[PDB]
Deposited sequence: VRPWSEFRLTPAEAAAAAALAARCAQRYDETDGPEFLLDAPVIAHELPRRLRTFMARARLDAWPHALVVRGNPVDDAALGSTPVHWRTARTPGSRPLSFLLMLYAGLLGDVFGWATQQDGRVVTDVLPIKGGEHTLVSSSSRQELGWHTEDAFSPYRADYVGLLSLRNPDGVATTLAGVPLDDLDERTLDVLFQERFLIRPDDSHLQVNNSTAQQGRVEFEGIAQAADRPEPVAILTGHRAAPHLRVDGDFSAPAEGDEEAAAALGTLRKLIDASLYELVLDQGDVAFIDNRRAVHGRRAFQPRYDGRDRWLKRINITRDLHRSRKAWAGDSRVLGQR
């Protein structure tokens, strides 16, 4: 078996989806414009029916850590070289695939971005940046990107994180782990459900159903409340259990994954960057089931969050 739910497009389905994305790229100026933001969820209804059925049904299954869609064609010649920085990463070659990711995303919920992250962009970029190999951000490489809940610090964090692989020639693995429910004892579990952790006022790591908890943790940034040694020991145990159950998902060129940000943490294995124009490159997007949950952080009329 596999801990994620997987769908493979037929060449015909893939072609139709790509064709729809190209039409959108033709008619709208940008993915993040107010117009396409509002229309994309409706335009997505024109995607291949088998895909729409998968996305509607798989989202409601209780078990998977992510929804994975394989088989979108990507032409390296048409795509062009991997950008050196996210600033200049909205290349014409990657433009139709950015529109494609937002269409798929519209089947799962409401897309949004952060004012403090990549200039408030909704479709963002994951690529190695020279000089930043050993950082704690997605533009790292030689240092493994440790497992984490996306934007764990915030209550406005995404329900789903979407990743579309534009290229990944060396097969660098994304990492994933669910709640280690098969090994967490009930005392530790109880403590993880209490507001005794920092990620700043204290908050909980686990919430909701005890037989299927939601997760809010960051391998690097999580800490116990000052002096709380029971909270500390629970977090220590959780680290070692997550470290031991961490598994690999390789997003090959054209693969899209929608990681369940409440069920699973994720990261990326260390890799040696090339810096020759064909480095691993993903497009990325935050999705929430309910945009109104974060109405505090609404900058204004935009879909870009910014609290104080």
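Residues of the deposited sequence lacking C-alpha coordinates fall in a single stretch, 200-229, numbered from 1.
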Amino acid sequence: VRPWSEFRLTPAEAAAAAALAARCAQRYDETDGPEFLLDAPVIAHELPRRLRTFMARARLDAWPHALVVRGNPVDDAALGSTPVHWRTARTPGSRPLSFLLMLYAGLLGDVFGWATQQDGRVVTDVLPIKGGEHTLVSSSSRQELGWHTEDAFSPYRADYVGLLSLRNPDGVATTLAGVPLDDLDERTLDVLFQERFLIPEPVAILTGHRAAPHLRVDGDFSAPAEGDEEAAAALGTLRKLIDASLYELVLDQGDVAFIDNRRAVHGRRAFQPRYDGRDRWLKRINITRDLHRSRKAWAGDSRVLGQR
From here on, numbers count along this sequence of modelled residues.
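The deposited model assigns a higher average Cα B-factor to 220-228 than to the other stretch when 220-228 and 165-173 are compared.
Remark: stretch with higher mean C-alpha B factor among 234-242 and 200-208 is 200-208.
In the PDB entry, a CA B factor belonging to the highest third of its chain's modelled residues is recorded for residue 33. Ranked by C-alpha B-factor against the other modelled residues of its chain, residue 187 falls in the highest third. Residue 54 sits in the lowest third of its chain by CA B factor, as recorded in the PDB entry. Annotation for residue 125: C-alpha temperature factor in the lowest third relative to the rest of the modelled chain, per the entry.
The deposited CA B-factor of residue 181 belongs to the highest third of values across its chain.
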